[PDB]
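Trainee: Have a look at the structure that comes next, please.
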Amino acid sequence: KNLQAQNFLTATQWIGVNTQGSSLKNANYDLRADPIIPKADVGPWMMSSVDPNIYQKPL
Amino acid sequence: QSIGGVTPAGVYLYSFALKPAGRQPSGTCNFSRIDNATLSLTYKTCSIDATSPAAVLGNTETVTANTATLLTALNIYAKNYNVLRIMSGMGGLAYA
Amino acid sequence: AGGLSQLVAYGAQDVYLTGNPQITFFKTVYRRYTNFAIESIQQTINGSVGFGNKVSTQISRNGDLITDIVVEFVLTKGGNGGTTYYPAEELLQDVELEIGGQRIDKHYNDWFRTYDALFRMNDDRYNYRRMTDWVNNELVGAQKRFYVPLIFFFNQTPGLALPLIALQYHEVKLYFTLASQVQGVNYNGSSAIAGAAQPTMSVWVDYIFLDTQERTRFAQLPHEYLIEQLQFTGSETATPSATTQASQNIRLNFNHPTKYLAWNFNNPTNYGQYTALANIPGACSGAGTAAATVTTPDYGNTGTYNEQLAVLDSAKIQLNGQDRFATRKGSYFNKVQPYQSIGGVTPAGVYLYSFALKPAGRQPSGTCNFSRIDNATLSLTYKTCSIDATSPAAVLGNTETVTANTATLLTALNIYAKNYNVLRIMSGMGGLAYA
Amino acid sequence: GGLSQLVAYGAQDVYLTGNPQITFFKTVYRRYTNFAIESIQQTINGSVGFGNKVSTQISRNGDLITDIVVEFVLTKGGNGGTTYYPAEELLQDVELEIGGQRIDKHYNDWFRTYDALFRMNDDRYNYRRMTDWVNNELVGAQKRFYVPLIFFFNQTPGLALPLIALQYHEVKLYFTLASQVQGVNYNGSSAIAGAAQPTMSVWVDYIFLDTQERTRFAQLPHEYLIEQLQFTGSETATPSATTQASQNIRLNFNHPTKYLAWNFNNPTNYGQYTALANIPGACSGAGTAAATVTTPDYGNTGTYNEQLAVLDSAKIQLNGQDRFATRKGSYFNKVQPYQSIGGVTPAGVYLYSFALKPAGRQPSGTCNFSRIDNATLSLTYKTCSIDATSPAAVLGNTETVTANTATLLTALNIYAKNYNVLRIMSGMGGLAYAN
Amino acid sequence: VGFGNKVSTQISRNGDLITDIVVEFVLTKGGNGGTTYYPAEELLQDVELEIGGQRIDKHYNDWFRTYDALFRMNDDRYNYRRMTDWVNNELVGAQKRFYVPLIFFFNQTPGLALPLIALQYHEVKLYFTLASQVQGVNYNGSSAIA
Amino acid sequence: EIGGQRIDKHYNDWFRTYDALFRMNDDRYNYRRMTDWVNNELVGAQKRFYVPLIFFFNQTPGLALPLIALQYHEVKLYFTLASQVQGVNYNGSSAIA
Amino acid sequence: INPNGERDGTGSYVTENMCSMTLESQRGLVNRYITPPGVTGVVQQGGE
């Protein structure tokens, strides 16, 4: 039959994974890849969540 | 023989069961084991002038109304047994 | 809320209905049964079919057990609607059941009428009428096939089906007597109807075909069946009159455990007439108009519930001189007895007294064994025949103890007794335990 | 032939005939204790007549008792069409007492309601024949009526009251006769000059047991599951011609209840459960110029036309919680009895069953009202805006309206039938539960 | 809901077993007494019983008439007629609530009450086809009733 | 209805009684704006009304129904619409054609 | 009162039979009537 009221539901693979995130607020527009620098939170105040935006498929 | 009520003219019954009106099986004809089952019907002569009561009310066994030819449809029904199986919270018939 | 609120409202007074429950109503388990089939076979009628003739048939060895018997007749109307009354029933004057050359039972046209009057009802009775009469205002020359079912013990239930294959040396026969006259078919009152056709007759028997194991058991095993028989004699009815309440003591020549007695008074001229004729609607030919004549019934309405036309005032049954019950009025035997024990509605002029809780059922439910009574007597008091039947004021405004002057025409008395006996079948032969 | 059916055996038949358990061709009848039934007249203490109240003590003239019939002899105070079940109307009520304790009680209206719901077909017609004049009898006509009692022991042998086991308690029936009976001593509000007083007789059918059963009944304790009637008469919110009257009735009932039943009526006219109207049968002279919608056609007081019924809708509520969804009055008049009884119920008479088969003896489901703190019946009436004297309005109207004459249906009778235990021991007995 | 339409219902889990099913209809008279014949029965052209998507059974308006003709009787039959027709000489414009009992196996006996409680994983539905025309209600023979 | 059990039931009159008694100030006014015409609208005017329900779970998140914890029980709302509404399809006892 | 798990419920067709049907249907058989070899344009007939 079935297993009802006690099943491992879907957590994040329901609406689909986010292939964008916050990686496009300060996105790159040039065709060439950009020099990637890590996040490395150095600010006591005024941080960000820019998400590095590493070009996985370069020119 | 089989029910005990009164059936109106034009409606017919043939039982394969001692008491077809009940729930409990009392003899059945299993048509899943019969290839060619046929109902053979002979009709009455439609020669009575229906607009003349004498023609109708005073006529013979095998003769009916000219208006009887309007009874062009035949509905044949049969009632059988099957088994409804329920388990695992689901169910359906034993025979498809 | 809803039904659940009822279930939870449980306490001490529920214990006697639902505590330690034994059953449910929601889980029917059906019984598995032996395999069998039912087939209709036409029998050969020996002798010559016609009015007044005697014919017979041997029930053919076309099955293992037999039940229903239906006698078909093709009759025509010798007059218009209203001139016939259950003519197929009237025609089958009698039927005798013979096994191994000996009598088992015998029914009469009048018995069929009496039986019906007491035991059939509602739409069964109507459908029955449809199989023996013309009930749709048919006219002269009309032709219909009638079906007269028989009511021998094996014709009422498969439980008493007769194991014909067990009777290796004995045949089962039906002897039939056809009436010399049938009202509205070949005679109209006392007159013959010129040109009337002779009946066409056919006898049908329903055979039970059993599977192998069951067939073997029936052929090999001895059997006993508790079956019904009808005892019957005709008597002269004491004649009542305008000047008197006739009385009569009829010694009952009966035997065996009897479920019930049944009787009627009648006019031999008019089949089914158990009541007086009168000029009130349905009570005579032409009733309600100038032609109303209280010498002939409205045949199509021969039977009636109008007690005032009944002839019996009161009655009692004595056993060896001891009243078996306190005297009751004729209307008690007509209306109440069947109310309490049958549940149908009995026509005036037909009476029943039961010794059984269920006179209509198969299962014995108390019987009077007449074989142990030296002098059983039916004591009848008749109504005074003083009412002028041609005057509705007199016919309808009268008293309990009187009836129509025309009630004196009900000169015949038919007394029946329904008893049990034991059918015995062994070593290829039929049988009856008691005489 | 039938052989062609027997050979047609497959896997699907295993459920019906495999490993067979039963046959249909071998009825086994159960041997039973020998017994006999005797009909014995009881004496009556006190004169009978209109407005009289009398009683009987059931004589010790048998071991067990069942059927009881009260006979009356009435004379018509007018012509056919002036009476309606007058013997039923006359017997205002019957009270059953054992050892000085009330066991049960029936009312004339209950007999009418009971009949309207539970009797049927020819059982009902034969019943009517035992309580009324149904063959167009005329003024002065004399007739003996037979009105049966319907106490638990009067319906089945299974509940025969063991008088022999009640050696130290008297068993009595108190019978109240109506002050007036329509068409017999009164015609609407007027008395009928010269009307005769009724003759009365009470008959009890006694069971005579054989030696061993008599001893057991006399010595052993017994518990008989019995039915009891509960009845509360009350004010009906007077129906209105301008709006929908409504009413909340306290269902002051107790015990496991098989069913509730009720009707609305006009107390002036016995059996009137519907409005009067100028349509054939719906009022005195209905259909013609002389018609009045102030008086019923007494002989046709009852009707199946719910257009003349007052109830629009109803629900039963227990402890402030609906027991079922609100249904229309026609649901309680026609569907309920279709489902639960199988007969036809006259307009104005309603049923709500808690049982699968309320018409039977087996307690096939019950509602325990002795476990409810606040039981109530909520009724809504139709708008009584239809001009009763105009067939076009009477017959062409809507589902939610009725006759203006429906405002006369101001009395409501609510009945309940429940199950209790009548315990007999050491010669004495009474009910197991007071409430 | 309307003439000629196909409608359905799903049976709610408001109890454990089910038996009787009655379909209530309200019809009006499009002509005088004598113009209709069991019109609520005619209206229910057909009905189907389905469990988990499997048709268990089906009845037709004609079947209801045939069934009745053979198996109902006496006052059972009359009361039935009262719940499906106009039998008290009602006139044109009359409105009436009719009750059509169904005749599926579980609608005839408690012995076969459908165990909805045991069908926790399957839906149970009824389908009903309403007639395009009902005599004396929306059409007099072939003539539409305005 | 939850699990087939009747949990609660409200009536048009309750909505009116409840509002009349428990809502207030601009909560009541804004509430009226969602159920009536309050800007002197004229015949033929069409508006969408929003009638919030007032069951316990419709008043606080604290009693939100855990449909997630009721995987085997469905939750239903059964509604009845009035046969007549004043100033919409009827004017007192008269119908508005 | 009553569970309702008919939402996530499979159809009833999963619980059928497919082998307790009607008769065996002896209509579909093999073809075992091979026509004569004869002659044709390729294999012409021999001389008289």
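By order of appearance in the structure tokens: chains A, B, ..., then residues from 1 within every chain, and ligands from 1 in the order shown.
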With a distance threshold of 12 Å and counting only C-alpha atoms, extract the residues of chain E near chain F and express them as a ChimeraX atom specification.

Mentor: /E:11-16,117,120-121

Trainee: Tell me, counting only C-alpha atoms, for each residue of chain E within 12 Å of chain D, which pair of atoms is nearest and how far apart they are in Å to one decimal, in rows ordered by chain and increasing number, as JSON lines.

Mentor:
{"residue": "E:14", "atom": "CA", "partner": "D:324", "partner_atom": "CA", "distance": 11.5}
{"residue": "E:19", "atom": "CA", "partner": "D:356", "partner_atom": "CA", "distance": 10.4}
{"residue": "E:20", "atom": "CA", "partner": "D:339", "partner_atom": "CA", "distance": 7.9}
{"residue": "E:21", "atom": "CA", "partner": "D:339", "partner_atom": "CA", "distance": 10.1}
{"residue": "E:22", "atom": "CA", "partner": "D:335", "partner_atom": "CA", "distance": 8.5}
{"residue": "E:23", "atom": "CA", "partner": "D:335", "partner_atom": "CA", "distance": 10.8}
{"residue": "E:24", "atom": "CA", "partner": "D:331", "partner_atom": "CA", "distance": 9.3}
{"residue": "E:25", "atom": "CA", "partner": "D:399", "partner_atom": "CA", "distance": 11.6}
{"residue": "E:26", "atom": "CA", "partner": "D:399", "partner_atom": "CA", "distance": 8.7}
{"residue": "E:27", "atom": "CA", "partner": "D:399", "partner_atom": "CA", "distance": 9.9}
{"residue": "E:28", "atom": "CA", "partner": "D:398", "partner_atom": "CA", "distance": 8.7}
{"residue": "E:29", "atom": "CA", "partner": "D:396", "partner_atom": "CA", "distance": 8.5}
{"residue": "E:30", "atom": "CA", "partner": "D:396", "partner_atom": "CA", "distance": 10.7}
{"residue": "E:31", "atom": "CA", "partner": "D:396", "partner_atom": "CA", "distance": 10.2}
{"residue": "E:32", "atom": "CA", "partner": "D:396", "partner_atom": "CA", "distance": 8.9}
{"residue": "E:33", "atom": "CA", "partner": "D:395", "partner_atom": "CA", "distance": 9.5}
{"residue": "E:72", "atom": "CA", "partner": "D:342", "partner_atom": "CA", "distance": 9.6}
{"residue": "E:73", "atom": "CA", "partner": "D:342", "partner_atom": "CA", "distance": 9.4}
{"residue": "E:74", "atom": "CA", "partner": "D:121", "partner_atom": "CA", "distance": 6.0}
{"residue": "E:75", "atom": "CA", "partner": "D:343", "partner_atom": "CA", "distance": 4.9}
{"residue": "E:76", "atom": "CA", "partner": "D:342", "partner_atom": "CA", "distance": 5.0}
{"residue": "E:77", "atom": "CA", "partner": "D:343", "partner_atom": "CA", "distance": 8.5}
{"residue": "E:78", "atom": "CA", "partner": "D:344", "partner_atom": "CA", "distance": 6.9}
{"residue": "E:79", "atom": "CA", "partner": "D:344", "partner_atom": "CA", "distance": 4.9}
{"residue": "E:80", "atom": "CA", "partner": "D:338", "partner_atom": "CA", "distance": 7.2}
{"residue": "E:81", "atom": "CA", "partner": "D:344", "partner_atom": "CA", "distance": 10.1}
{"residue": "E:82", "atom": "CA", "partner": "D:334", "partner_atom": "CA", "distance": 7.6}
{"residue": "E:83", "atom": "CA", "partner": "D:334", "partner_atom": "CA", "distance": 6.7}
{"residue": "E:84", "atom": "CA", "partner": "D:334", "partner_atom": "CA", "distance": 10.5}
{"residue": "E:85", "atom": "CA", "partner": "D:305", "partner_atom": "CA", "distance": 11.5}
{"residue": "E:86", "atom": "CA", "partner": "D:305", "partner_atom": "CA", "distance": 9.0}
{"residue": "E:87", "atom": "CA", "partner": "D:305", "partner_atom": "CA", "distance": 7.9}
{"residue": "E:88", "atom": "CA", "partner": "D:305", "partner_atom": "CA", "distance": 5.7}
{"residue": "E:89", "atom": "CA", "partner": "D:395", "partner_atom": "CA", "distance": 7.3}
{"residue": "E:90", "atom": "CA", "partner": "D:395", "partner_atom": "CA", "distance": 4.8}
{"residue": "E:91", "atom": "CA", "partner": "D:396", "partner_atom": "CA", "distance": 4.7}
{"residue": "E:92", "atom": "CA", "partner": "D:396", "partner_atom": "CA", "distance": 5.7}
{"residue": "E:93", "atom": "CA", "partner": "D:396", "partner_atom": "CA", "distance": 5.2}
{"residue": "E:94", "atom": "CA", "partner": "D:396", "partner_atom": "CA", "distance": 4.2}
{"residue": "E:95", "atom": "CA", "partner": "D:398", "partner_atom": "CA", "distance": 4.7}
{"residue": "E:96", "atom": "CA", "partner": "D:399", "partner_atom": "CA", "distance": 5.4}
{"residue": "E:97", "atom": "CA", "partner": "D:399", "partner_atom": "CA", "distance": 6.8}
{"residue": "E:98", "atom": "CA", "partner": "D:330", "partner_atom": "CA", "distance": 8.6}
{"residue": "E:99", "atom": "CA", "partner": "D:335", "partner_atom": "CA", "distance": 7.1}
{"residue": "E:100", "atom": "CA", "partner": "D:335", "partner_atom": "CA", "distance": 9.1}
{"residue": "E:101", "atom": "CA", "partner": "D:335", "partner_atom": "CA", "distance": 8.4}
{"residue": "E:102", "atom": "CA", "partner": "D:339", "partner_atom": "CA", "distance": 11.1}
{"residue": "E:103", "atom": "CA", "partner": "D:339", "partner_atom": "CA", "distance": 11.7}
{"residue": "E:107", "atom": "CA", "partner": "D:339", "partner_atom": "CA", "distance": 9.7}
{"residue": "E:108", "atom": "CA", "partner": "D:339", "partner_atom": "CA", "distance": 9.0}
{"residue": "E:109", "atom": "CA", "partner": "D:356", "partner_atom": "CA", "distance": 9.5}
{"residue": "E:110", "atom": "CA", "partner": "D:356", "partner_atom": "CA", "distance": 7.9}
{"residue": "E:111", "atom": "CA", "partner": "D:356", "partner_atom": "CA", "distance": 10.9}
{"residue": "E:113", "atom": "CA", "partner": "D:356", "partner_atom": "CA", "distance": 11.9}

Trainee: My list of candidates is B:74, B:39, B:68, B:13. Which is closest to chain E when distances are computed with only C-alpha atoms?

Mentor: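 Smallest distance to chain E is found for B:13.
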
Trainee: Calculate how many Å separate atom CA of residue D:208 from atom CA of residue D:169, rounding to one decimal.

Mentor: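 Result for atom CA of residue D:208 versus atom CA of residue D:169: 19.5 Å, one decimal.
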
Trainee: Per DSSP on the backbone, what are the strand (DSSP E or B) residues of chain B, as a PyMOL selection string?

Mentor: chain B and resi 45-48+63-65+84-87+90-93

Trainee: Please save N, CA, C and O atoms of the selected residues as an mmCIF file, in the first residue's frame.

Mentor:
data_model
loop_
_atom_site.group_PDB
_atom_site.id
_atom_site.type_symbol
_atom_site.label_atom_id
_atom_site.label_comp_id
_atom_site.auth_asym_id
_atom_site.auth_seq_id
_atom_site.Cartn_x
_atom_site.Cartn_y
_atom_site.Cartn_z
ATOM 1 N N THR B 45 -47.529 -10.560 -34.207
ATOM 2 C CA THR B 45 -47.907 -9.873 -35.447
ATOM 3 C C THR B 45 -48.536 -8.550 -35.066
ATOM 4 O O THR B 45 -49.445 -8.518 -34.248
ATOM 5 N N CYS B 46 -48.012 -7.456 -35.626
ATOM 6 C CA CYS B 46 -48.551 -6.102 -35.333
ATOM 7 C C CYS B 46 -49.688 -5.769 -36.308
ATOM 8 O O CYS B 46 -49.460 -4.924 -37.196
ATOM 9 N N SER B 47 -50.869 -6.377 -36.138
ATOM 10 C CA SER B 47 -51.973 -6.067 -37.047
ATOM 11 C C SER B 47 -53.195 -5.386 -36.434
ATOM 12 O O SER B 47 -54.162 -5.098 -37.144
ATOM 13 N N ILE B 48 -53.180 -5.113 -35.142
ATOM 14 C CA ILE B 48 -54.335 -4.502 -34.508
ATOM 15 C C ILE B 48 -54.456 -3.004 -34.652
ATOM 16 O O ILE B 48 -53.576 -2.229 -34.269
ATOM 17 N N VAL B 63 -51.215 -11.642 -31.474
ATOM 18 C CA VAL B 63 -51.357 -10.441 -32.270
ATOM 19 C C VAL B 63 -51.388 -9.194 -31.391
ATOM 20 O O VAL B 63 -52.101 -9.143 -30.395
ATOM 21 N N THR B 64 -50.611 -8.189 -31.755
ATOM 22 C CA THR B 64 -50.573 -6.942 -31.008
ATOM 23 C C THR B 64 -50.879 -5.732 -31.893
ATOM 24 O O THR B 64 -51.233 -5.882 -33.067
ATOM 25 N N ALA B 65 -50.809 -4.559 -31.282
ATOM 26 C CA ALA B 65 -51.105 -3.257 -31.876
ATOM 27 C C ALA B 65 -50.175 -2.870 -32.998
ATOM 28 O O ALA B 65 -48.977 -3.075 -32.934
ATOM 29 N N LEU B 84 -15.476 -7.985 -4.250
ATOM 30 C CA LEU B 84 -14.717 -6.785 -4.008
ATOM 31 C C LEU B 84 -13.727 -7.067 -2.908
ATOM 32 O O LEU B 84 -14.089 -7.407 -1.776
ATOM 33 N N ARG B 85 -12.460 -7.007 -3.269
ATOM 34 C CA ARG B 85 -11.393 -7.336 -2.357
ATOM 35 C C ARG B 85 -10.780 -6.082 -1.805
ATOM 36 O O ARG B 85 -10.440 -5.162 -2.553
ATOM 37 N N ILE B 86 -10.651 -6.036 -0.493
ATOM 38 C CA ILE B 86 -10.045 -4.900 0.161
ATOM 39 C C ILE B 86 -8.907 -5.331 1.058
ATOM 40 O O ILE B 86 -9.078 -6.202 1.905
ATOM 41 N N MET B 87 -7.746 -4.725 0.902
ATOM 42 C CA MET B 87 -6.602 -5.031 1.758
ATOM 43 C C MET B 87 -5.524 -4.018 1.499
ATOM 44 O O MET B 87 -5.516 -3.380 0.458
ATOM 45 N N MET B 90 -6.555 -0.695 0.139
ATOM 46 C CA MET B 90 -6.934 -0.532 -1.252
ATOM 47 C C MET B 90 -7.895 -1.585 -1.692
ATOM 48 O O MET B 90 -7.980 -2.646 -1.082
ATOM 49 N N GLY B 91 -8.585 -1.372 -2.795
ATOM 50 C CA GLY B 91 -9.401 -2.481 -3.228
ATOM 51 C C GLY B 91 -9.888 -2.400 -4.647
ATOM 52 O O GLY B 91 -9.716 -1.411 -5.344
ATOM 53 N N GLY B 92 -10.504 -3.479 -5.064
ATOM 54 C CA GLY B 92 -11.013 -3.603 -6.417
ATOM 55 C C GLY B 92 -11.570 -4.988 -6.623
ATOM 56 O O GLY B 92 -11.529 -5.833 -5.725
ATOM 57 N N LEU B 93 -12.092 -5.236 -7.790
ATOM 58 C CA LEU B 93 -12.708 -6.511 -8.037
ATOM 59 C C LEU B 93 -11.761 -7.640 -8.338
ATOM 60 O O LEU B 93 -10.743 -7.469 -9.010
#

Trainee: Do me a favour and pick out the residues of chain A within 10 Å of chain F, using only C-alpha atoms, as a VMD selection string.

Mentor: chain A and resid 4 to 7 9

Trainee: Using N, CA and C atoms, can you export the residues from the last selection as an mmCIF file, in the first residue's frame?

Mentor:
data_model
loop_
_atom_site.group_PDB
_atom_site.id
_atom_site.type_symbol
_atom_site.label_atom_id
_atom_site.label_comp_id
_atom_site.auth_asym_id
_atom_site.auth_seq_id
_atom_site.Cartn_x
_atom_site.Cartn_y
_atom_site.Cartn_z
ATOM 1 N N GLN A 4 2.108 6.316 5.280
ATOM 2 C CA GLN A 4 1.488 7.619 5.458
ATOM 3 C C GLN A 4 1.812 8.243 6.809
ATOM 4 N N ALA A 5 1.840 9.586 6.805
ATOM 5 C CA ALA A 5 2.057 10.528 7.908
ATOM 6 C C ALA A 5 3.447 10.512 8.532
ATOM 7 N N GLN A 6 4.310 9.584 8.123
ATOM 8 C CA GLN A 6 5.676 9.509 8.646
ATOM 9 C C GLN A 6 6.572 9.154 7.464
ATOM 10 N N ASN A 7 7.007 10.175 6.734
ATOM 11 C CA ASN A 7 7.865 9.996 5.576
ATOM 12 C C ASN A 7 8.860 11.142 5.525
ATOM 13 N N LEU A 9 10.139 13.942 3.987
ATOM 14 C CA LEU A 9 9.690 14.867 2.960
ATOM 15 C C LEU A 9 10.877 15.515 2.248
#

Trainee: Compute the set of chain C residues within 6 Å of chain D, using only C-alpha atoms, and express it as a CSV table (one decimal) with N, CA, C and O atoms, in the first residue's frame.

Mentor:
chain,number,residue,atom,x,y,z
C,1,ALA,N,-20.0,16.0,17.0
C,1,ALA,CA,-21.4,16.0,16.5
C,1,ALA,C,-21.6,14.8,15.6
C,1,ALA,O,-20.6,14.1,15.2
C,2,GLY,N,-22.8,14.6,15.1
C,2,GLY,CA,-23.1,13.6,14.2
C,2,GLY,C,-23.2,12.2,14.9
C,2,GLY,O,-23.2,12.2,16.2
C,3,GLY,N,-23.2,11.1,14.2
C,3,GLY,CA,-23.4,9.8,14.7
C,3,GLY,C,-22.4,9.4,15.8
C,3,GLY,O,-22.7,8.7,16.7
C,9,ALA,N,-22.2,7.9,23.8
C,9,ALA,CA,-23.2,8.1,24.9
C,9,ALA,C,-23.6,6.7,25.3
C,9,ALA,O,-24.8,6.3,25.1
C,32,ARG,N,-21.6,-21.2,1.0
C,32,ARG,CA,-21.2,-21.9,-0.3
C,32,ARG,C,-22.3,-23.0,-0.5
C,32,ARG,O,-22.6,-23.6,0.5
C,33,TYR,N,-22.8,-23.2,-1.7
C,33,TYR,CA,-23.8,-24.1,-1.9
C,33,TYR,C,-23.6,-25.1,-3.0
C,33,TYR,O,-22.7,-24.9,-3.9
C,34,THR,N,-24.3,-26.3,-3.0
C,34,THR,CA,-24.0,-27.2,-4.1
C,34,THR,C,-24.4,-26.7,-5.4
C,34,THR,O,-25.4,-26.0,-5.6
C,35,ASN,N,-23.6,-27.0,-6.4
C,35,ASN,CA,-24.0,-26.5,-7.8
C,35,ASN,C,-25.2,-27.3,-8.3
C,35,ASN,O,-25.3,-28.5,-8.2
C,37,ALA,N,-28.8,-26.5,-11.4
C,37,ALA,CA,-29.4,-25.6,-12.5
C,37,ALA,C,-30.9,-26.0,-12.6
C,37,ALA,O,-31.3,-27.1,-12.4
C,38,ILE,N,-31.7,-25.0,-13.0
C,38,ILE,CA,-33.2,-25.3,-13.1
C,38,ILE,C,-33.7,-25.2,-14.5
C,38,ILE,O,-33.4,-24.2,-15.2
C,39,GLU,N,-34.4,-26.3,-15.0
C,39,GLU,CA,-34.8,-26.3,-16.4
C,39,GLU,C,-36.3,-26.6,-16.6
C,39,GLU,O,-36.8,-27.5,-16.0
C,122,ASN,N,-51.4,-9.0,-1.7
C,122,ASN,CA,-50.7,-7.8,-2.3
C,122,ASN,C,-50.5,-8.0,-3.8
C,122,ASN,O,-51.5,-8.5,-4.4
C,158,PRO,N,-38.1,-25.5,-2.8
C,158,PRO,CA,-37.1,-26.4,-3.3
C,158,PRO,C,-36.7,-27.3,-2.1
C,158,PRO,O,-36.3,-28.4,-2.3
C,159,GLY,N,-36.9,-26.8,-0.9
C,159,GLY,CA,-36.6,-27.6,0.3
C,159,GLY,C,-37.3,-29.0,0.4
C,159,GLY,O,-36.9,-29.9,1.1
C,161,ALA,N,-38.3,-30.4,-2.6
C,161,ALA,CA,-38.2,-30.8,-4.0
C,161,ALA,C,-38.2,-32.3,-4.0
C,161,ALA,O,-37.6,-33.0,-3.1
C,306,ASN,N,-67.1,-7.3,1.2
C,306,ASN,CA,-68.3,-6.8,1.9
C,306,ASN,C,-68.9,-7.8,2.7
C,306,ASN,O,-69.8,-8.6,2.3
C,325,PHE,N,-62.1,-23.4,21.5
C,325,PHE,CA,-61.9,-22.0,21.8
C,325,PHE,C,-63.3,-21.4,22.0
C,325,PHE,O,-64.3,-22.0,21.6
C,326,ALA,N,-63.4,-20.3,22.7
C,326,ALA,CA,-64.7,-19.7,22.9
C,326,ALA,C,-65.2,-19.3,21.5
C,326,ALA,O,-64.5,-18.7,20.7
C,343,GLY,N,-51.3,-12.3,7.6
C,343,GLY,CA,-51.0,-10.9,7.3
C,343,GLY,C,-51.6,-10.4,6.0
C,343,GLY,O,-51.3,-9.4,5.5
C,344,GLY,N,-52.5,-11.2,5.4
C,344,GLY,CA,-53.2,-10.8,4.1
C,344,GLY,C,-54.6,-10.4,4.4
C,344,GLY,O,-55.0,-10.1,5.5
C,345,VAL,N,-55.4,-10.2,3.3
C,345,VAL,CA,-56.8,-9.8,3.5
C,345,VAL,C,-57.8,-10.8,2.8
C,345,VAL,O,-57.8,-11.0,1.6
C,363,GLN,N,-42.5,-24.7,8.1
C,363,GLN,CA,-42.1,-25.2,9.4
C,363,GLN,C,-43.4,-25.4,10.3
C,363,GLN,O,-44.1,-24.5,10.5
C,396,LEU,N,-76.9,-2.2,2.9
C,396,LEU,CA,-75.9,-1.5,3.5
C,396,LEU,C,-76.2,-1.0,4.9
C,396,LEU,O,-75.2,-0.7,5.7
C,397,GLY,N,-77.4,-0.7,5.3
C,397,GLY,CA,-77.7,-0.1,6.6
C,397,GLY,C,-78.1,-1.1,7.7
C,397,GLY,O,-78.7,-0.8,8.7
C,398,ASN,N,-77.9,-2.4,7.4
C,398,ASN,CA,-78.3,-3.5,8.3
C,398,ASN,C,-77.4,-3.8,9.5
C,398,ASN,O,-76.4,-3.2,9.7
C,399,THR,N,-77.9,-4.8,10.2
C,399,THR,CA,-77.2,-5.3,11.5
C,399,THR,C,-76.2,-6.4,11.3
C,399,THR,O,-76.2,-7.2,10.3
C,400,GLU,N,-75.5,-6.7,12.4
C,400,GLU,CA,-74.5,-7.8,12.5
C,400,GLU,C,-75.0,-9.2,12.2
C,400,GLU,O,-74.3,-10.0,11.6

Trainee: What is the atom CA of residue C:253-atom CA of residue C:376 distance in Å, reported with one decimal?

Mentor: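 Rounded to one decimal, the two atoms are 7.6 Å apart.
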
Trainee: Can you tell me which residues surround residue A:1 at a distance of at most 12 Å, considering only C-alpha atoms, apart from same-chain residues fewer than 4 positions away, and format the answer as a tab-separated table (two decimals) with C-alpha atoms, in the first residue's frame?

Mentor:
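Wrote it out as out.tsv, contents follow:
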chain	number	residue	atom	x	y	z
B	86	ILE	CA	-10.05	-4.90	0.16
B	87	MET	CA	-6.60	-5.03	1.76
B	88	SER	CA	-3.56	-2.82	2.30
B	89	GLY	CA	-6.06	0.05	2.41
B	90	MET	CA	-6.93	-0.53	-1.25
B	91	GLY	CA	-9.40	-2.48	-3.23
E	118	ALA	CA	-10.67	-0.24	5.01
E	119	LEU	CA	-10.00	1.74	1.82
E	120	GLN	CA	-7.63	4.25	3.40
E	121	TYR	CA	-5.57	4.52	0.15
E	122	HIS	CA	-8.43	4.70	-2.44
G	5	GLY	CA	-5.58	8.20	2.52
G	6	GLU	CA	-7.15	8.10	-0.94
G	8	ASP	CA	-1.84	9.23	-2.38
G	9	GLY	CA	-3.66	6.10	-3.52
G	10	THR	CA	-2.85	4.05	-6.59
G	11	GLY	CA	-5.54	2.96	-9.01
G	12	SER	CA	-7.49	-0.25	-8.77
G	14	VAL	CA	-2.95	-2.66	-10.18
G	15	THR	CA	-5.12	-5.22	-8.35

Trainee: Between atom CA of residue C:426 and atom CA of residue C:172, what is the distance, to one decimal in Å?

Mentor: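 Value for the atom CA of residue C:426-atom CA of residue C:172 distance: 14.6 Å.
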